[PDB]
Ligand SMILES: *C(=O)c1c(COP(=O)(O)O)cnc(C)c1O
Ligand SMILES: *C(=O)c1c(COP(=O)(O)O)cnc(C)c1O
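Protein chains in written order, with the working numbering: chain A, 391 to 726; chain B, 767 to 1101.
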C-alpha cells in the first residue's frame, strides 16, 4: 500500500513556524543503474517544502531572528542584502512577519520573477542599471551602506554565522529521520552555510559522516581552479566564502553545468520530484558517490535546495533528452 | 518564543507519500480589523505545501491510486484528462511515480509554462487546435476515447467520486489540527471536490459545521446566475459540476475577481503567505464570515488551494496598493 502524510497535529502561529521539518525521500528511478548496489540507500532532503520553497527560508529567518534577539536589529532599522536569488526571498518572508523593512539590491534586469515575489512581500527593491550587471549592484549596495551606517542591518549571507546556525535544524532533521544511519551528506555550495552547518552538526553526533561539497566544474574554486562562468543557479559564487571551512569537507565533487541540468530533468521524469538546477548537481554527485565500491550499503543524504518551478523561465525543461532512462543514466554515471 | 517546524521522523518511500498533511496556520495581519472580534480564530490550510504545490496533488493521486486498486486502471492502459491547470500537474506527478502514461489534452494556445511542467513529468501532451480553444480540446479528448475505448482511463475531474474522496484526509487533518473546534469551512469551488468532500466529512464528526462555497461574482453559477468572464484562476468553471451537492453547502459567497486579487496581495504583504488567486477569494469570504455577529469566537478554516508563484506571469501582482493595511482592509470589508 501507499501511506500519504498524516496530520501535523499543530496550529502554527504564523508562516515562519512552518519553516523546516522538510521531508527526506528515497530515490528509486534514477538509482536504477548497475553502478549502484541495491542495498545502498540514496535519500533526498526536499527544501522545496519550506513555505517559500527553498533552503533560504531557514537562512533568512535565522539571520533576522538572531539579529533581533541579539539587539543587532532594532525598531527603526532596515535589513539590506545584495541578492538576485533565494536569499532575497527568505529575507523578505521573515522581514514581512517580523515587521522590518527589507531592502534588496539587484540589477534591474535580473530574475524579474524573483523581483515580483520580493516586491509582493513588501520589499524595497533597489534596482541598479541593468547594463552594469552585478558589479553595478555591488557598487550600489556599498554606496547605500556608507550612506546609512546605523540604519541598515546587512544580512551578509556569505559570512553570517546565523546562516550556518540555521542548519542545526536541518542536521537534526537528518539525524532523527535516518535514526542516526546517515553516512554521507552531499550539499552543493553557494554560501556554504548548508555544507558547513549540516556537516559540523552531523559530525558532532557521528564522527565518521563523510561531507561532500559540490560545485560547478566550470567554476571549481573550492578545488583551487579559477572562477569562470557557469549555469548552475544558486551555487558557484566564484570565491571561497567566509563561511566555508575546508577542514569540515571530506570531498569536493565538481559537476558540469549541462550534467546538472540533465540530471534534474531525469529526476523529475523518473522519480517525479521537480527539483532545481543545484539539486540536479547535488543528485548527480550523490549518485556518483553511490557508485563507489567503499560506499556499498551506506545511507547517502542529498540536499535539494529548491524546486524546478522556479526555473521555468530557463530552458531547463525546454531541452529534451531523446534517449531512454538507461541511455540517460549511462551517459551520466558510466565512468567511461 | 518562535517554535519552527519539528522533524517528520519518517523516510518517505516516494514523493507521493509526502502528499497531504498540510499546515494549518493562524492569520493575524489581515484579521486586524474592527469588524472581526479578537476571540474569533481564522486559520488557513496551506495546500501549497503539497509536493507540486496545489490541492490537486491529492486529487490526481487518489484518482489514479483508487483506479489501480479497483482494477479500472490496468497495466497497458493510459490516463487521460482535459485540463490546463493544477489537475494536470497532480495527475502527471502520480502517473510518473505509479509508472503509467499520462495524456493531457489542452489547446496549443496555452503558454509553454503550463505545458512545460507537465511534459517535464513525462506526460504526453495532446495539443488540440489552438484556434478552437477549450471546446477543441474536449472534441479531441472525446475522439480519442471513442476510437480507443479500452486504452484510456478518464480522470473525469468534475465528476469522479475519487476526487471528493481524497478530502477524507483533508477533513481529518482539519479535524485533528483543530481538536474538533472547527466551526466553519470556506472553500472556493472548482471541481467542488474540496467543498463537498471536506464539508461532508467534517459534518459527520460535527453536524453544526457551516460549509461556505466561494465562486467568482462575475460567474456565480452556483447561485443560479449566468456564466461570465472572470479572472480567479482555479475556480469558476462556469457550470455546476457533477460533484456539487447543494445540500452540503450552507452559504455561497460571491467574490469579485479584483477583490480576490487585492486580498491575495494583502495576505502576502501582511501575513507573509504567498497564496494564489482562488486563495484570495476564499480568504476574503472567510474574513467577511469572521465579521458576522453570530460568528464571534468561532474557528473559521479556509482552504488555500495553491501559491501565488504559479501566477507570476499574470497581472496578480501588477497593481500596487498605495494605502495602508487599514485602508486596504476597509476597502474590502466595510460597506
Ligand atoms: C543557497 O541559497 C542555495 C544553494 C546553496 O546553499 P548554501 O548557500 O551553500 O547553504 C544551492 N541552491 C540554491 C537554489 C540555493 O538557493
Ligand atoms: C482545484 O483544482 C482548485 C480549486 C478548487 O478546488 P476544487 O476543485 O473545488 O476541490 C481552487 N483553486 C485552485 C488553484 C485549484 O487548482
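Think of the CB as a built atom: it goes at the ideal place given N, C-alpha and C, for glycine as much as any other residue.
Annotation: the continuous beta strand (DSSP E) that includes residue 1065 (chain B) extends over 1065-1070.
Closest in alpha carbon position to residue 770 (chain B), among A:585, A:407, A:539 and A:393, is A:407.
Taking a C-beta distance under 8 Å as the contact criterion, residue 999 (chain B) and residue 1077 (chain B) qualify as a contact pair. In this structure residue 954 (chain B) is not in contact with residue 828 (chain B), their Cβ atoms being roughly 20 Å apart against a cut-off of 8 Å. Residues 828, 829 and 832 of the same chain have their beta carbon placed closer than 6 Å to that of residue 928 (chain B), with the five preceding and five following residues left out of the count.
Comparing alpha-carbon positions, the option among A:415, A:697, A:629 and A:522 lying closest to residue 651 (chain A) turns out to be A:697. Within the same chain, Cβ atoms closer than 8 Å to the Cβ of residue 593 (chain A) are found at 599, 601 and 638, the five residues on either side in sequence being excluded. In the three-state reduction of the DSSP assignment, residue 981 (chain B) falls in the strand class, which pools E and B. For residue 534 (chain A), the secondary structure class from DSSP, reduced to helix, strand or coil, is helix. Secondary structure note for residue 496 (chain A): its beta strand (DSSP E) is the uninterrupted segment 492-497. Excluding the 5 residues flanking it on each side, residue 937 (chain B) has same chain C-beta neighbours closer than 6 Å at 964, 967 and 968, in chain order. Residue 665 (chain A) is bridged by DSSP to A:697. Within the segment 911-944 of chain B, complete alpha helix (DSSP H) segments of at least 4 residues are found at 927-931 and 933-943, given in chain order.
Assigned with DSSP and collapsed to three states, residue 590 (chain A) falls in helix. At a cut-off of 8 Å between beta-carbon atoms, residue 798 (chain B) makes no contact with chain A. Straight through space, the alpha carbons of residue 949 (chain B) and residue 797 (chain B) are spaced by roughly 17 Å. Residue 412 (chain A) is classed as buried because its beta carbon has at least 16 other beta carbons within 10 Å across all chains shown.
For residue 1083 (chain B), the neighbours in chain A by C-beta distance under 9 Å run, in chain order, 506, 507, 509 and 510. In terms of side-chain proximity, the C-beta atom of residue 696 (chain A) is found nearer than 7 Å to a non-hydrogen atom of ligand 1. Listed along chain A is no residue with a C-beta nearer than 7 Å to that of residue 1087 (chain B); the closest approach is about 11 Å. Counting C-beta pairs closer than 8 Å gives three or more between the segment 1057-1072 of chain B and the segment 791-808 of chain B, which meets the contact rule. In the structure shown, the three-state DSSP call for residue 768 (chain B) is coil. Proximity of chain B to residue 663 (chain A) at the Cβ level (cut-off 7 Å) is accounted for by 781, in chain order. In this structure, residue 432 (chain A) lies near residue 417 (chain A), with their beta-carbon atoms less than 8 Å apart. Rounded to the nearest angstrom, the gap between the Cα atoms of residue 980 (chain B) and residue 1066 (chain B) is 14 Å. Neighbours of residue 805 (chain B) across chain A, judged by C-beta separation under 9 Å, do not exist; the nearest C-beta is about 15 Å away. Neighbours of residue 398 (chain A) in chain B, taken as residues whose beta carbon is under 7 Å from its own, are 787, 789 and 943 in chain order. Taking 8 Å as the threshold, the shortest C-beta distance from residue 1070 (chain B) to chain A does not fall below it. Around the C-beta of residue 1093 (chain B), fewer than 16 other C-beta atoms lie within 10 Å, and the residue is accordingly described as exposed. If you draw a straight line from the Cα of residue 1051 (chain B) to the Cα of residue 1101 (chain B), it comes to about 14 Å. For residue 911 (chain B), the CB contacts under 8 Å within the same chain, skipping 5 residues up- and downstream, are 846, 918 and 920 in chain order. For residue 834 (chain B), the uninterrupted alpha helix (DSSP H) run begins and ends at 822-836, by DSSP. The distance from the Cβ of residue 795 (chain B) to that of residue 1037 (chain B) is about 4 Å, consistent with a contact at the 8 Å cut-off.
Counting along the chain, residue 710 (chain A) sits inside no beta strand (DSSP E), nor does DSSP assign it H or E at all.
Look at residue 402 (chain A) here: in three-state DSSP terms it is strand. Any Cβ of chain A closer than 8 Å to the Cβ of residue 818 (chain B) would place that residue at the interface, and such an atom is present.
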